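Order as written gives the chain letters A, B, C, D and E; numbering starts at 1 within each chain.
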Amino acid sequence: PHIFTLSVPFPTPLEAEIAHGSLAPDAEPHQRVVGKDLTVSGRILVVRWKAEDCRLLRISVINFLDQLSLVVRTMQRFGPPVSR
Amino acid sequence: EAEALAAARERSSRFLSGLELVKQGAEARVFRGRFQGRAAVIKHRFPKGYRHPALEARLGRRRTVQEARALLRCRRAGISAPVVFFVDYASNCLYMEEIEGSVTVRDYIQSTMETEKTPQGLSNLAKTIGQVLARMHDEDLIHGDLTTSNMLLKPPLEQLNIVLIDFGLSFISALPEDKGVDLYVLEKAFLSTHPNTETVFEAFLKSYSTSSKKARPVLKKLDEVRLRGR
Amino acid sequence: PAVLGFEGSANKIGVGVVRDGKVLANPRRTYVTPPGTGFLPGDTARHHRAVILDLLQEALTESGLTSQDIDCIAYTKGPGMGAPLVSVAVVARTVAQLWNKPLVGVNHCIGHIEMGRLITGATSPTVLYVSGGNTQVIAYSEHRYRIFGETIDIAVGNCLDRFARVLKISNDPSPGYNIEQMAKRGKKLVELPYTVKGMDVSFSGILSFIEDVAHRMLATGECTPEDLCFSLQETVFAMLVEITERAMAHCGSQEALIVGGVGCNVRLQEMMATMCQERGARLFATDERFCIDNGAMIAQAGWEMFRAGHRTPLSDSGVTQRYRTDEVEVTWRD
Amino acid sequence: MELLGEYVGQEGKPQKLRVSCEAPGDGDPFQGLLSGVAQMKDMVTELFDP
Amino acid sequence: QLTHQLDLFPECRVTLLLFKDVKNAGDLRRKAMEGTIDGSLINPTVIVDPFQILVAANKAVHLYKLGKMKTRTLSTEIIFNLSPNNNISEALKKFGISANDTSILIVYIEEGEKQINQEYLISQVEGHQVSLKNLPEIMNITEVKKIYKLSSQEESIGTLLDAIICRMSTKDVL
């Protein structure tokens, strides 16, 4: 029952909704013991990961966080978030 | 050697010039005529297709030799099968005699529904067909394509004596996987040629699977086909 | 509308920019590798991430379009690889949620076949289709794509390319090309298994067998590899075109198209042509690059799977490890 | 307004970490954001691997 | 006797003779081997019809006029082409003439102008001329089917002409 919560601070709720969505719907290659909880709060995004083995845990963590990093480099090269 | 092949060209021209059309298409040539006084017909596989020599000869040779071996083993086992005269693979020829009483199980199922309602005697034809296909599957000579248009009948028209023919796409190493494939093509032929014979087909299926102690892994592999589409 | 076909499956990446009936940009960094070592889920992803922004920008500046002139983000729904597709995907979903675009899943193989329909332009022909992951003889029958030819193990693309792999040929541009132009200089063909079991092939028996050649191709020194090239050309092209014309005459069709992992070869063009002349059929050509997994084909198949109205659930989509063209519900055609 | 995260397994003790981001007005925070990205990667690794 | 017009390599004329009242072992077999008898001498107690002879003789004609034949003489070929026994020793010995007959069937094959006088051979071998309807009388089914060993289930759906035909077709590929 390893839990890991994290609050990414964004400039606007635009990034909140985006980085909540654009990584949620994927039923990850490994949610076997992993629960991905993506809760938007204002312009901050809280995310809580649930796991039972730390290897696939770390893989999920860093893989996600680099999908994040790629959303970031896109919001630097195509963004920052446009009003929708 | 090529002189014997020139003589073979001469004989192929002589025996097959002036004969009427019977049928010719797609891995089959079939004609009809006389033989020393008897009636006969022709079945021809061939090295007449061009993709590459040094195999095309091997191709046609093994094809016709397989068909001959299949007819022989079939009619010698006990299944009703036609009679063959001689096999000259030098041109891949087949001389098969006709058995009179030209009628298919297709034609029977077509004709006898005028008096039959909620098929009962047709379900009994299905019983017999299951019996005879289990009889073929005793040592599992795969017709390789069972069909309603591949089952002839010879008189008397009451005891249901039926002949199985055309063993060209054949093999005898029966795997319940391929066997389920056969039975699937079987059911498809039923549904296509015959609209909504579920009572007929169920009578038939039960008759065979009872008269055959082997249909269990066959039907299981058929179910495997049903979830992957083979 | 425009479609960003965001394809990368195992050893590849690419952005198909499809707009107004032309594949404007099919750029790539073919993840060319040491000799015969690939099919990566991890470093495919590392590579694709490192280069993907560059490739996006490249395709966009080639086309000259903006993030408000693109009209779709078509990611390969499958069947690809696990991590390559999700890393392909997060950008698709993000530029969707940001550029204000919809996520859309698209089958992989229907992409090959749709680009073939753009290549042929013929009346619903059967298609022999083979890539690194498919061995199918297909016809669109009974409202769906019917599998008449189906392997269990390997694929002509996968087969010929694994063969050209185990002989450590120059992986670029395509191992198929190497085995094609390495062919003509060998004779004394041999007999390798011919296994056509009624309408279905099992190419495994092909591939393994040629492997057992290499040993005695070096332990006796009485055979050259160009022999193996010409022999596998003849044999497998035979098997394929034979069952092709067979299932052709079955369905009342006299057309044939070969697309995918091995379409680069021309020996197959010849043998298809000969089997077509004999049986009165007609052939269709083939090529190298188009039948190699660009990003254009998924954008194309997205054009159809998207113009109709098929959307993916914004709350569930993505990873696949099998997604079959009779598990599809093709609707854009009756 | 900082890259904020927290891990608690069955330890029952809070493992709370966070790093500041680049203040905007001289540039976009996204640079400090990628900074915190690298930071959190280092932290999760060095904590969980041993 | 009667002459025919063979088919499937038609260039030959086949003719059948039936004689009786014979008893000797060596002299007649040597007469056959020495070519002084130009026909082909067969016992009558294993044959069912002249159509079996006709099929075997067509086999002989075809494989001869290509030279590919295992044989080199039209006369000795039909005798092997009756018995599907691939052991040509017995396919020549038993199916041919033995000392176990008081009657003989003679098969002659004529090409162009190669003519062999009938009365010449009638003098060559001792016997009386008898018409060809005496086949079923000497026919002893107890020993005929001993070489075929065919199933009654096959006989259920036909005669014993095609039952003995269907198996003479297959001795070449196997």
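Everything that follows uses one rule, which is that a contact is a pair of C-beta atoms (placed from the backbone, for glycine too) under 8 Å apart; a residue touches a chain by one contact, two chains touch by 3 or more.
Counting C-beta pairs in contact, the pair that comes out ahead of the other among B-C and A-C is A-C.
A straight line joining the Cα centres of subunit B and subunit C is 38 Å long. Centre-to-centre, using mean CA coordinates, subunit D is 103 Å away from subunit E. The distance from the centre of subunit C to the centre of subunit E, with each centre set as the mean of the Cα atoms, comes to 65 Å.
Subunit A and subunit C have centres, each the mean of its CA atoms, that are 33 Å apart. Multi-chain contact residues of subunit A (touching two or more other chains) are listed as 66, 73, 75. If touching chains are joined by edges, the resulting network of the protein chains shown is an open path.
Chains touching one another, given as pairs, are A-C, A-D, B-C, B-E. Subunit C makes touch with subunit B in their complex at residues 147, 150, 189, 191, 197-198, 200, 234, 237-238, 241-242, 245-246, 249, 271, 274-275, 277-279, 324, 326. Listing the residues of subunit A that touch subunit C in their complex gives 17-18, 21-29, 63, 66-67, 70-71, 73-75, 77-79, 81-82, 84.
Those residues of subunit B that touch subunit E in the complex are listed here as 4, 7-8, 11, 14-15, 34-38, 65, 68-69, 71-72, 75-76, 78, 80, 83-90, 97, 99, 154, 161, 163. For subunit E in complex with subunit B, the touching residues are 6-10, 51, 54-55, 58-59, 62, 65-68, 150-151, 153-154, 156-158, 162-163, 165-170, 172-174. By the touch rule above, subunit B contacts subunit C in their complex via residues 25-27, 48-52, 54-55, 58, 144-145, 169, 178, 181, 228-230.
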